[PDB]
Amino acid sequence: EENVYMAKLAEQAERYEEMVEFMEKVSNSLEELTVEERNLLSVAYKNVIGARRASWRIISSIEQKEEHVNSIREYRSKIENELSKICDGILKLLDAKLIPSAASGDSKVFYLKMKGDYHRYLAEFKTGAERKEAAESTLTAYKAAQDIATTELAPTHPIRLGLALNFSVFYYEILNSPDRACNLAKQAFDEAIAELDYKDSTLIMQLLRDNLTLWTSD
């Protein structure tokens, strides 16, 4: 209960790596991780990996303006290694403790999605066997999330909806097949509409819409 508590301080402080540590500890200590716990843990990794992805994009872009290039390129390297470490950190934890114990629809989809997202982050920057094996692992985590979600969750559900959102960015960006992207996006949007009769869902439906108009306009 303590490490959770400690988790919220780190979060209040915006010291996210420490938030990770605490949340790792939390899971080993534990049985069925709770909704609160699972969310904290995810927020923590979300922010730690998020800061690296941002810096990585800003530097890659700089590297692009530039063609120095190898300074930039050494630097990106170091950021690239931090990336492997976090994705590494939370992936393992997903096999060992997280996924195996999932007792319910949402929970499996939630975790299977995380797993997808983290291989997805390995895929944005890796280049070799690693990119390939990351693209694949990704496709297959999303897909089994998809099979469960699309069958047990309401189309309006933040998880079904966030899955579809990330799943199709994978296509658009990693596999680089737009077509498959827009269809998955469009599909997930339309059947949320079929059932609109709130508020994490609402955002996500708009992000799908923005991605489509943006993928349509190339």
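Superpose the two forms; the largest set of C-alphas matching within 1.5 Å is the rigid core. All residue numbers are counted from 1 along the displayed sequence.
Fitting each structure in 7 other deposited structures of this protein onto the rigid core and averaging C-alpha distances over structures and residues, 120-128 emerges as the more displaced of 133-141 and 120-128.
Stretch 56-64 is the one, of 56-64 and 43-51, whose CA positions lie farther from the shown form in 7 other deposited structures of this protein once all structures are superposed by the rigid core. Unmodelled stretch separating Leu30 from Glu31: 1 to 3 residues (count of deposited-sequence residues without coordinates). Across the two stretches, 73-81 and 134-142, the PDB entry reports the greater mean Cα temperature factor for 73-81. Taking the mean C-alpha B-factor of each stretch as recorded, 58-66 and 184-192 are not equal, and the higher mean is that of 58-66. Within the listed group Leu122, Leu112, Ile90, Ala96, the record reports its top CA B-factor for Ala96.
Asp210: CA B factor in the middle third of modelled residues in this chain (values from the PDB entry).
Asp117: CA B factor in the lowest third of modelled residues in this chain (values from the PDB entry). When the modelled residues of the chain are ordered by their C-alpha B factor, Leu153 lands in the highest third. In the deposited entry, the Cα temperature factor of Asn47 places it in the lowest third of its chain's modelled residues. In the deposited entry, the Cα temperature factor of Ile204 places it in the lowest third of its chain's modelled residues.
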